[PDB]
Each structure stands twice: as structure tokens, then as C-alpha cells.
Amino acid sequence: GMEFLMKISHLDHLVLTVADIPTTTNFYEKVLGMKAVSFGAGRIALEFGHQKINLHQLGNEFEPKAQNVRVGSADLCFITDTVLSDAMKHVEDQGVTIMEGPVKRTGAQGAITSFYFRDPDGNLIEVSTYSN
């Protein structure tokens, strides 16, 4: 053909490299209500909606991988359909410190309201809604 238009639909998954898989899995299940799943040859992922995060253990990663794997190097913003104030209470109840929020920020689709906190490796997590 001629003039093919390259187009991406969405991000299906990403790989986080973490200090300790069991710590990370427990954290995301309890704090973000994600589902830990086992797939392939004893691999672990966390499901949210219809996408997922694959976990690699630092020092035991699979190839190929990021050129420079690094714990605590991710900065992710997730949309929740729950009432944000209830989500924030839920996160705090799990013994997590809210760094900042609720505050107006920018999302892919326009204005969002967000709050922020750290995961066990120091990854920055932003939980957000498009709801007023």
C-alpha cells in the first residue's frame, strides 16, 4: 500500500519491576482493590478493569525487559468509578499516607480530580475521577 496510518488503540499492560512481589501484590489488592492473577510459568499480574500490570522481581526479571529496570521509577494515574472521597478514606484506612488531594489536575480526556500516594517501592500513584 501507500501512506499507511500507524495508530495505537490503548495500553494493554506495562511491567513494573519491584523489590518484593508478595509485598506489591498485597498492597495493590488491599489498597486499590486489584486482583492478583497467576499466568504462564508462575508469573504474576495485577488486573484492573480490562488491563493489567505485570510484575517482575528485581534480580529475577524476564528477558527482554526495559533497558534500565528500576524499582520506584513509575508514575501512574488510575481512574476510579468509586466516589473519590470514599476511595481516599479506604486508602487511608489501609495505613497509607495521602500526599496531596483532592486537587484539580489534568487527565487524558480533560480535567480530573486526583489524590496521590506512594506504593511500597516509591512509585507515585494518582487515583482520579472525571466526576464533578
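Numbering starts at 1 and runs along the sequence shown.
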Averaging the C-alpha temperature factors as deposited, the higher value of 5 to 13 versus 119 to 127 falls on 119 to 127
Ranked by mean Cα B-factor in the entry, 28 to 36 and 93 to 101, top stretch is 93 to 101
One of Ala41, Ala74, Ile79, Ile53 has the largest Cα B-factor in the entry, namely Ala41
The largest CA temperature factor among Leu58, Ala66, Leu46, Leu84 is found at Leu84
So, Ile21's CA B-factor, relative to its chain, sits in which third? The highest
